[PDB]
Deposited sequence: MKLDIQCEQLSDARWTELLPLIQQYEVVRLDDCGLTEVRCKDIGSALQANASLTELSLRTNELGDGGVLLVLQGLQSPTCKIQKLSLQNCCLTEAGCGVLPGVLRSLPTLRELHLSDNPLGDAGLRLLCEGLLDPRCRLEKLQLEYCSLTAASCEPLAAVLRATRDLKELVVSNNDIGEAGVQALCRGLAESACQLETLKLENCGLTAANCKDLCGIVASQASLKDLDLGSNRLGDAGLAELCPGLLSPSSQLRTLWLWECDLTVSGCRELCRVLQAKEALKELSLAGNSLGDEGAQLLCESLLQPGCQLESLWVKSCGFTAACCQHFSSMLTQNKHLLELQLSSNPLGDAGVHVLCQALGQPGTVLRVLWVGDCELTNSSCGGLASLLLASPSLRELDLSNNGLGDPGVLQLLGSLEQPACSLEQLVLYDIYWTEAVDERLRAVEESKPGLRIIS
């Protein structure tokens, strides 16, 4: 049924033996397997005959323009019912995109197409869009070397499509005018988009005005990623009335590194109190400070806030904010995941968090406190938390200055049958050989537990 090989360089003898499986399997994935144009002849011909294949993935292989041609020819066949196609990171340039329109026309079964990490350029994109002009559902074009010029052709696709559910154009330099053209296309569209990603696309505060309308007009929208753009509080302020729209039932909102301060956070808190559908939010990498943390904690105690995951890594929080998080954590019964990594909370701050989570009736399942200036002194509290918590299942302590004495303390609790932690995360923590064998033992003793590093 499924052939799936990852990060594995295949010999010629082995390649010959694999060919009949490519000829008849339903799912074929050969990711990072050292494939080149030479072997693409073989692949195209094999795919020519496969009447079962519904998914093909050939990501991270130097196929090149010639290689992709040989593969894609293979797909044009009255037997081909491919639903999912991925050629991510395959060295496909604009010169290789000539066949895309014909190929997309041959494949009415095609639902998902991944072409990220290929330098299609604006000229390559235009060719692809000729194909998309009228049942594709998901389209991913991250890092495709696109500029604003690519956005008029995509806007045309959007105007016409009724089936598109996911669009990902993250990590392209489309900028203000590009995004504006995209939003007009989408505004005049009948499609019911579920996922829209514009991470690192050069968005400005002005684009938030265009997006405000989109968010209100796409009732079906579930996932919006605008991370890593210079939005500013002025941007977010123009976006929020759209997020407050009764038609908006967004589930996931990514606003990391969006140049936000406490002011924008304050506007956003209005959404958090009013919108029960909102389950996952990232505000990571914005300078919100202890003030920001306080506002967030207040919203998390309001009845309309049903947030289940809050990502606020690198937000400039200190120990001074931790009392607020503690209060929120003892009262809130919805929040399952809290990411506090890369905030200088210190031993004192995390200590306050430990007392909160020890209490019975608390619900938090996942806590990240990596890179929080922790020392071996915090491991008394953390070890105590591991016996006391009713809900904690995953704890991330990565990238702290812990050593043998602290880890040895954590080990004491992890050994206990009363401790039901599923994951302890210890990336980049140095413990010595002596401690490691003890650590290995606990691991073998408790199969329900993973210690990750």
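Gap without C-alpha coordinates occurs only at 135 to 137, with positions taken along the deposited sequence from 1.
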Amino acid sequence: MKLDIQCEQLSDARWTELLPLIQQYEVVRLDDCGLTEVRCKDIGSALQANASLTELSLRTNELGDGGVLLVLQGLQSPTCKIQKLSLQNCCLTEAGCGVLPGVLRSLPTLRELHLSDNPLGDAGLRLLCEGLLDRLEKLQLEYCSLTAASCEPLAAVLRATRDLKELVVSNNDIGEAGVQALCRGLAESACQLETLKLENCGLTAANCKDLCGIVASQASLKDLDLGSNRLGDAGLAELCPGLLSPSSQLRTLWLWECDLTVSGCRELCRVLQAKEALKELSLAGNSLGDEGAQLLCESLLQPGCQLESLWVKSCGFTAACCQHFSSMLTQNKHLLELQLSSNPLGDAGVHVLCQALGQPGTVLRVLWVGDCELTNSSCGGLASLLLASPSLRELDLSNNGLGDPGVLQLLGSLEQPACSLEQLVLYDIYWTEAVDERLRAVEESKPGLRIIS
From here on, numbers count along this sequence of modelled residues.
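Stretches 233 to 241 and 147 to 155 differ in mean CA B factor, with 147 to 155 having the higher one. The mean Cα B-factor in the deposited entry runs higher for 89 to 97 than for the other of 248 to 256 and 89 to 97.
For the set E176, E298, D290, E267, the PDB entry puts the maximum C-alpha B factor at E298.
When the Cα B-factors of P405, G412, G401, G64 are read from the PDB record, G412 comes out highest. When the CA B factors of the chain's modelled residues are split into thirds, the value for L367 lands in the lowest one. When the modelled residues of the chain are ordered by C-alpha B-factor, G102 sits in the highest third. Among the modelled residues of the chain, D31 sits in the middle third by CA temperature factor in this PDB entry. In this PDB entry, the Cα temperature factor of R135 sits in the top third of its chain's modelled residues, the highest group. Ranked against the other modelled residues of its chain, the C-alpha B-factor of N118 as given in the entry falls in the lowest third.
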